[PDB]
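Quick notes on the structure that follows.
Below, read A as the first sequence line, B as the second, and so on, with proteins coming before strands; counting in each chain starts at 1.
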Amino acid sequence: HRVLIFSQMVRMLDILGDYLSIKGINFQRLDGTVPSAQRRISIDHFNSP
DNA sequence: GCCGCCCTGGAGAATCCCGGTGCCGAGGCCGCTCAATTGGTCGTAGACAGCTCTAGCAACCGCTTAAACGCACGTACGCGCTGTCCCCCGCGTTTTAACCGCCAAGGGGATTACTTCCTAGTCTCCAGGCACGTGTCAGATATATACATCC
C-alpha cells in the first residue's frame, strides 16, 4: 500500500522530509511553496504505474 | 748695622639650626528659626472585578504583478600628480586702549513688614453646544428618442 501524510504546518513536513532523507525512503512532498508545474510533475510521478 | 720682603698662627664676624611666640584657614560650638516631622482625620484615586466588542497574531493558502536582482557594457567622475601664484603666517616695531584704581550723585532693584480689595476658586443649577444619526433635496451624470444629413 501507498500512504499519504497530511499536516497543517510545512515545517513539520520538513521534519518528516529530513526523517525520510536520513531514513532513505523514496518520498514526495507537496505544500504551498511548490509551484503548479512541479505539482503536476510530482502528481504524475506518484500516479505512474 | 739698618731696612725691606716672605711664611705662618689665633681671634673677630657671617651663617645654620632650634625654640618661643604671633597670625591665616578651618572646624567645633552656640543661638536663632523656619521648615520638616508626627499624629490624627477624611475623601477619593486607583486597584480590582466583570461584561462587550474589536484589533492583533501565528501559521498556512492562492493569485498577480511590479519590484528586486543579476549581468554586461560603457563612460563619467573620483582621485592622484604637477605647476603656480598668492595669500596667510611669522616676526619686528610702534601705537593704543584694556585694565585697574578713582571720584560724584542719583536711581533701580532686592529684601522686610504692612494694609487692602479684587479676582479667581468653589459650589449649585441649568441649558445649549457638540456629537451622532437620519429624511430630504438640488446638482451632476448617463441614456432614450426625434430631426438633419451623406452616400
With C1'-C2'-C3'-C4' as the criterion (positive north, negative south), name the sugar pucker of B/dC61.
north
May I ask you to list the residues of residues 28-38 of chain A, by number, that have any heavy atom positioned under 4.0 Å from an atom of DNA chain B?
A/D31, A/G32
Mind calculating the distance between CE (A/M9) and P (B/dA58) to the nearest angstrom?
14 Å
For the CE atom of A/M9 and the CD1 atom of A/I15, what is their distance to the nearest 0.5 Å?
10.0 Å
Atom-pair distance (CG on A/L13; P on B/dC60), nearest Å:
9 Å
B/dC102: pucker by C1'-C2'-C3'-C4' torsion sign, positive meaning north and negative south, is north
Output for pair (A/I41 CD1, A/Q28 CD), nearest 0.5 Å, gives 10.0 Å
Side-chain N,O (A/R39) to OP1/OP2 (B/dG62) below 4.0 Å
yes
Of the candidate nucleotides B/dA59, B/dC61, B/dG62, which contains the atom at the shortest distance from the side chain of A/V10?
B/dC61
To the nearest 0.5 angstrom, please state how far the CG atom of A/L30 sits from the CG atom of A/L4.
10.5 Å
Short question: side chain of A/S48, backbone of A/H45 - any donor-acceptor pair under 3.5 Å?
yes
So for B/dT124, where does the sugar sit by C1'-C2'-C3'-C4', north or south?
south
Rounded to whole Å, how long is the line connecting atom CD of A/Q8 with atom P of B/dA59?
14 Å
Is B/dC60 on the north side or the south side, where north means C1'-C2'-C3'-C4' is positive?
north
Got A/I5 and A/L16 here, is their nearest side-chain heavy-atom distance under 4.5 Å?
yes
So, the side chain of A/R29 versus the backbone of A/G17: is there a donor-acceptor pair under 3.5 Å, distance only?
no
Convert the base pairs of DNA chain B into dot-bracket notation, remembering that pairs crossing earlier ones are written with [ ] and that bases paired across to another strand are shown as |; include only Watson-Crick or G-U pairs under 3.5 Å.
.......................................................................................................................................................
